[PDB]
């Protein structure tokens, strides 16, 4: 990938800075520095880098479209990589905390961070907070004299909030919302009345689309000084459509992609998650199959899980996804065509992001 080499070089630079700043400011010892390096590498590396690389792709596209000398181009590219790593570290933060919340086993082909024997959830919760803090530290340091510092902080923290609210929707989606009460425990739903297209869309848009699609695009624009050269409303809309689709893919793969290929072991079925599969099944399946689903969903029993996967196969959920996907490509291409009519350089960078998204296998 065009910017992969540059992006990994900036990782090493940012890591050296962050760990060195801790030695300088917080009397960091050699052993905990080593721990923190291992934590950063394990939690921030090993993914696809779709988010981080997008920032760099967008920034370059927009910078090429402007007039600027070699030194200015180098600055935009370096700043873009730093911004990319801010988002990768925000991702790292979310996944550390998510893996604890989901009581998960594997992430990116390795044991989850909290599941490392020398860590535990008791330490990893705070390791996640360190990751989040580091992301802002990168902006404060590298962008100390840049005009876009304030706007970078604003959009980053807005998206942080947005994602935590999406996560709220996610973690509270298996209990009937009328029953949600801090003082009283409640069993998970038995009737699944709230497992609706609207409720699934609300979960995925806020928990995924903002930080995975909207944030990288906007940061690319901010570091290149071109945010005002694009249609804000249109950019948001295409980010939501692609981001919803990206999470739908994630939902589908939880059931249908081998964990060894995926690098993670999803338990959506065991945890009675309001996934795209669950919602699509419940709203399309015949009455007796809906009943059987309800009898078997949200159980850790392997036979119950196997019944759900077979019911999904019988209801042709993979084919139904392909129909959804066809509808999504149609909309995305239209939205991109509209963006292209306004700013062809930006629209090209949206195409690049979409191309890494469409029909992905992990």
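Numbering follows the first chain given and starts at 1.
Given 112-120 and 68-76, the range whose Cα B-factors average higher in the PDB entry: According to the PDB entry, the answer is 68-76.
Higher-scoring stretch by recorded Cα B factor average, 101-109 or 161-169: If you average the C-alpha B-factors of 101-109 and of 161-169, the larger mean comes out for 101-109.
Identity of residue with top Cα B-factor, from 88, 244, 176, 151: The listed residue with the largest C-alpha B-factor is 176.
Candidate residues 134, 192, 214, 206, the one whose C-alpha B factor the record puts highest: Of the candidates given, the C-alpha B-factor peaks at 192.
Third assignment of residue 40 from its chain's C-alpha B-factors: Its C-alpha B-factor, which the entry lists for residue 40, ranks in the lowest third among residues of this chain.
Third assignment of residue 225 from its chain's C-alpha B-factors: Middle third, going by the recorded CA B-factors of the chain.
Assigned third (lowest, middle, highest) for the C-alpha B factor of residue 280: Tercile = middle for this residue's CA B-factor.
Ranked against its chain, the third holding the CA B-factor of residue 298: Within its chain, residue 298 is a highest-third residue by C-alpha B-factor, going by the deposited values.
Chain-wide C-alpha B factor ranking for residue 253, given as lowest, middle or highest third: As the PDB entry reports it, the C-alpha B-factor of residue 253 lands in the middle third of its chain.
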